[PDB]
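As structure tokens, the structure follows; a few thoughts come after it.
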DNA sequence: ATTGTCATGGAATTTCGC
DNA sequence: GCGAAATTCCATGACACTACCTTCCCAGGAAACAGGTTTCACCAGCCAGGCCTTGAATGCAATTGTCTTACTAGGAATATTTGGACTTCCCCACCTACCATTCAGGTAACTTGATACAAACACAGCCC
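Chains as they are written, first to last, in the deposited numbering: chain B, 20 to 102; chain O, 196 to 294; chain G, 9 to 118; chain C, 9 to 118; chain H, 29 to 122; chain D, 29 to 122.
This is how it looks when you write it as structure tokens:
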């Protein structure tokens with residue numbers, strides 16, 4: 020199923036609100052075309068590593084431990100969902 | 196083979212890929228797997244318990260075309276088993292060796 | 009017939025984390041072929057010291073913000089408050105936590 | 009008696025890295041309990057593609073600087089010249105190499 | 029079927045230093061997955077300590093070195109001495 | 029005693045694509061230790077693929093997934109197809 | 001410088017009764 | 001001589017090292033999920049005005065960069081001296097493999113219990 024224009028779903032306040040959690044007061048208007056780029060790099064290195072686990076067990080559902088196993092691979096461990 | 200030359204064992208080997216050459220052992224393995232099969236019906240196969248049974252249950256099965264025990268053809272008289280012959284107790288053991 | 013009183017090996021060492029369950033997770037995880045009898049004892053203790061040290065610190069932050077139960081924000085905040093606990097989990101995201109309160113003291117208003 | 013001609017499994021697949029030596033480094037490294045007969049074949053090929061791809065690129069830098077043998081500087085410089093070879097070894101120091109020649113083009117003289 | 033866990037063995041530690049304290053479900057899973065991760069760091073460094081010294085044996089010495097590597101500074105002083113109590117108590121028994 | 033190595037099997041690859049090329053001693057050890065490291069990444073990810081799917085068996089399928097994880101992008105397209113040639117050639121033999 | 005076999009149930013056979 | 005009973009006969013089959021592997025079935029349930037409807041509230045998108053921050057232009061001051069010299073210590077080669085890692089050989093205790101026995105935990109259920117959230121009115125802290 021194909022639904023495009025959804026890198027533009029990461030809206031303009033929801034990058035500002037993520038900026039405020041990092042402790043950032045004033046931002047530019049050109050981070051919005053940088054953040055959407057660095058985000059899709061990070062999801063093209065997790066979903067590419069997650070699907071090769073789900074294809075390997077011949078599952079059609081990328082389950083909760085799969086993503087945690089992908090994040091185990093990169094060296095960014097996620098607790099709380101298992102694994 | 197180096198142990199076998201100590202005892203005086205003449206080792207004999209079958210022709211390869213020919214299990215028919217070893218005659219009786221391929222028959223009694225169809226006996227042991229028809230005694231241990233029959234004992235172990237309807238329970239977990241704990242067959243290490245039943246091995247002193249098998250070399251006393253098969254060794255007192257009459258050969259039905261020879262009409263003797265394996266005990267009698269090996270020793271000469273039955274041991275204290277159920278249903279043992281008294282037909283040899285009418286004889287002298289000092290003379291039934293050559294019988 | 010009966011047998012003796014089965015005393016668990018977690019009660020024979022004064023721990024709380026099991027040693028029977030740890031000793032079958034060193035022979036079904038292919039870590040090595042032989043696993044000593046004292047190794048899952050010694051490992052269930054180190055799993056028990058470090059489970060206290062978070063929850064000791066997670067108890068305080070629950071108390072300092074007037075809470076009965078420890079929600080993950082406290083686990084988020086008990087970690088990264090302690091220095092040496094943070095250097096263990098320096099790469100590790102905790103789910104549903106957010107970050108510590110932090111301003112770089114240059115963004116303060118004028 | 010004698011036996012047949014011992015044909016090595018590296019020659020039965022058209023590779024150069026062994027499969028007999030790889031197949032005892034999957035059963036003495038405790039990776040799993042059972043190791044398939046095709047797995048050290050398939051792994052000795054991937055060890056053989058990637059051993060060429062450095063030395064293919066390490067042959068060129070030896071040639072472009074008029075050298076017969078490949079010293080580690082060429083291995084330092086064959087890596088980080090190719091993009092996708094660098095992203096594999098992005099964390100990895102190569103001994104006795106130094107870095108690529110690089111200036112940020114702002115330090116150029118005035 | 030059966031999911032093994034460390035959830036029960038948290039209440040046997042939570043009710044040791046904070047006996048009037050509950051703990052939520054979604055915070056159990058963190059302290060559940062804290063254990064399974066900090067398990068296989070210590071095991072998976074004791075494992076690779078077996079190959080580095082050519083032994084097939086995980087002793088209780090090798091878990092001690094694989095805790096003095098993962099834990100930094102002041103945790104590496106306590107969690108060593110919080111294990112050798114639980115071994116010397118264990119071996120004097122049985 | 030005996031140190032096993034991959035040094036000999038480099039000259040059987042170095043003399044395939046650059047037949048007029050030598051290689052130094054201290055550069056052999058890099059391509060030696062490149063192999064032993066890239067060995068146990070692929071094995072040590074195929075190993076942990078055995079536990080994740082509850083099998084005791086390293087197949088030649090599991091090495092293929094543990095190469096599509098470690099190698100990025102365009103190496104993951106070639107080193108897969110540079111293995112399935114060497115298996116199909118292998119299995120049609122013997 | 002080695003090779004079937006042997007328990008097993010119809011079924012045919014022999015005993016033998018008077 | 002017929003029938004009943006006691007006996008010999010002979011044609012035959014299974015034992016040979018065994019488990020996996022694949023694909024379809026079954027199945028119950030459940031897993032949620034993918035699909036879809038529904039509604040309300042909220043978060044995002046819109047646009048402009050004011051101000052503050054950044055960029056630039058600059059002059060200058062000291063910081064830094066270069067040149068030069070007396071020199072200190074690093075490195076290498078040496079002899080030697082010394083400190084040990086690993087190979088070696090052997091034995092014991094410890095781990096394992098096993099079954100039987102039993103206990104404990106996980107699921108599960110019914111109940112209970114307790115806390116957190118949502119809401120409302122007010123208080124306090126900081127800022128314009």
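Note that CB positions come from ideal geometry on N, CA and C, so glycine has one too.
- Please state if the CB of residue 88/D and the CB of residue 49/C are separated by a distance shorter than 9 Å. Residue numbering aside, residue 49/C sits at position 41 when the fourth chain is read from its first letter. Residue numbering aside, residue 88/D sits at position 60 when the sixth chain is read from its first letter. Cβ atoms of residue 49/C and residue 88/D: closer than 9 Å.
- How many whole angstroms separate the CB atoms of residue 60/G and residue 78/G, which I take to be in contact at a CB cut-off of 8 Å? Taking the first residue of the third chain as position 1, residue 60/G is located at position 52. Taking the first residue of the third chain as position 1, residue 78/G is located at position 70. Contact between residue 60/G and residue 78/G is ruled out by a C-beta separation of about 13 Å, above the 8 Å threshold.
- Task: Kindly indicate the opening and closing residues of the alpha helix (DSSP H) around residue 56/B.
- Result: In the first chain, the residue the question calls residue 56/B occupies position 37. Looking at the DSSP string, the run of the alpha helix (DSSP H) that includes residue 56/B is 51-62.
- If we count Cβ pairs, one from each stretch, closer than 8 Å, do we get three or more for the segment 105-117 of chain H versus the segment 40-57 of chain G? yes
- Query: If you compare alpha carbons, which of 68/H, 45/H and 48/H is closest to residue 102/B?
  - Reply: Residue mapping note: residue 102/B aligns to position 83 of the first chain, counting from 1. Selected option, being the one with the closest Cα: 68/H.
- Query: Can a CB atom of chain H be found closer than 9 Å to the CB of residue 107/G?
  - Reply: Working through the third chain from its first residue, we reach residue 107/G at position 99. Judged by the 9 Å Cβ criterion, residue 107/G is not in contact with chain H.
- Message: Any beta carbon of chain G sitting closer than 9 Å to that of residue 80/H?
- Response: Taking the fifth chain and counting its residues from 1, the one referred to as residue 80/H is at position 52. No, residue 80/H does not count as interfacial toward chain G.
- Task: Answer with yes or no whether the minimum CB distance from residue 99/G to chain B is below 9 Å.
- Result: By one-based count along the third chain, residue 99/G stands at place 91. At least one chain B Cβ lies under 9 Å of residue 99/G.
- Message: So that I know if they touch, is there some Cβ in chain G lying closer than 9 Å to that of residue 87/H?
- Response: One-based indexing of the fifth chain puts residue 87/H at position 59. Residue 87/H counts as touching chain G.
- From the DSSP output, which residues share a beta bridge with residue 50/D? For the purposes of this step, residue 50/D is taken as residue 22 along the sixth chain, with counting starting at 1. DSSP lists 77/C as partners of residue 50/D.
- Please look up how many angstroms separate the CB atoms of residue 84/H and residue 91/G, rounded, as I've assumed it's under 8 Å. Within the fifth chain, numbered from 1, the residue matching residue 84/H stands at position 56. Within the third chain, numbered from 1, the residue matching residue 91/G stands at position 83. The Cβ separation is near 38 Å, so there is no contact.
- Segment limits, alpha helix (DSSP H) that includes residue 120/D: Locating residue 120/D in the sixth chain gives position 92, counting from the first residue. Unbroken alpha helix (DSSP H) run through residue 120/D: 112-120.
- Query: DSSP state of residue 97/B, grouped into three classes?
  - Reply: Numbered from its first residue, the first chain carries residue 97/B at position 78. Strand at residue 97/B.
- Item | Through-space distance from residue 51/G to residue 39/H, alpha-carbon basis | Numbered from 1 along the fifth chain, position 11 holds the residue referred to as residue 39/H. Numbered from 1 along the third chain, position 43 holds the residue referred to as residue 51/G. Roughly 19 Å between the two C-alpha positions.
- Endpoints, the alpha helix (DSSP H) within which residue 111/C is located: Residue numbering aside, residue 111/C sits at position 103 when the fourth chain is read from its first letter. From DSSP, residue 111/C is part of no alpha helix (DSSP H); its letter is neither H nor E.
- Helix, strand or coil: how does DSSP classify residue 283/O here? As a first step, residue 283/O must be located in the second chain, where it is residue number 88. Residue 283/O falls in the coil class under three-state DSSP.
- When DSSP builds the beta bridges, which residues end up paired with residue 101/G? For this step, residue 101/G is matched to residue 93 along the third chain. In DSSP, residue 101/G forms a bridge with 97/B.
- Query: By DSSP, does residue 43/C sit in helix, in strand, or in coil?
  - Reply: Within the fourth chain, residue 43/C is the residue found at index 35, counting from 1. Strand, per DSSP.
- Message: Quick check on residue 90/D - is its C-beta less than 9 Å from some C-beta in chain B?
- Response: Numbered from 1 along the sixth chain, position 62 holds the residue referred to as residue 90/D. It does: the Cβ of residue 90/D has a partner Cβ on chain B nearer than 9 Å.
- Query: Since residue 21/C meets chain D, which of its residues come closer than 8 Å, beta carbon to beta carbon?
  - Reply: Taking the first residue of the fourth chain as 1, we reach residue 21/C at position 13. Those are 114, 115, 117, 118 and 121, listed as they occur along chain D.
- Query: Can you round the beta-carbon distance between residue 50/B and residue 26/B to whole angstroms, since I take them to be within the 8 Å contact cut?
  - Reply: Translated into the one-based positions of the first chain, residue 50/B becomes position 31. Translated into the one-based positions of the first chain, residue 26/B becomes position 7. Wrong, their Cβ atoms sit about 14 Å apart, outside the cutoff.
- Query: Using the rule of at least 16 other Cβ atoms within 10 Å of the residue's Cβ for burial, across every protein chain shown, is residue 23/G buried or exposed?
  - Reply: Counting from one through the third chain, the residue named residue 23/G turns up at place 15. Residue 23/G is buried by the Cβ-count criterion.
- residue 109/D, enclosing alpha helix (DSSP H) - first and last residue: Mapped onto the sixth chain, residue 109/D falls at position 81. Going by DSSP, residue 109/D is part of the alpha helix (DSSP H) stretching over 103-109.
- Start and end residues, alpha helix (DSSP H) containing residue 227/O: As a position in the second chain, residue 227/O is number 32, starting the count at 1. It spans 220-234 - the alpha helix (DSSP H) in which residue 227/O sits, taken as one unbroken run.
- Task: State whether the segment 41-53 of chain H contacts the segment 98-113 of chain C, with contact taken as three or more CB pairs (one from each stretch) at a distance under 8 Å.
- Result: Between the segment 41-53 of chain H and the segment 98-113 of chain C, the count of Cβ pairs shorter than 8 Å is below three; the stretches do not touch.
- CB contact flag (residue 71/D, residue 91/D, <9 Å): Here residue 71/D is taken as the residue at index 43 of the sixth chain, counted from 1. Here residue 91/D is taken as the residue at index 63 of the sixth chain, counted from 1. Yes; because the gap between Cβ atoms is below 9 Å, this pair is in contact.
- Task: Please classify residue 72/G: does DSSP put it in a helix, a strand, or coil?
- Result: Reading the third chain from its first residue, position 64 is the one you call residue 72/G. Three-state DSSP puts residue 72/G in a helix.
- Query: Could you give the residue range of the alpha helix (DSSP H) that holds residue 94/G?
  - Reply: Translated into positions along the third chain, residue 94/G becomes position 86. It spans 91-96 - the alpha helix (DSSP H) in which residue 94/G sits, taken as one unbroken run.
- Query: Among 42/B, 41/B, 36/B and 93/B, which one has its Cα closest to the Cα of residue 64/B?
  - Reply: Looking up residue 64/B in the first chain gives position 45. The residue with the shortest Cα to Cα distance from residue 64/B is 93/B.
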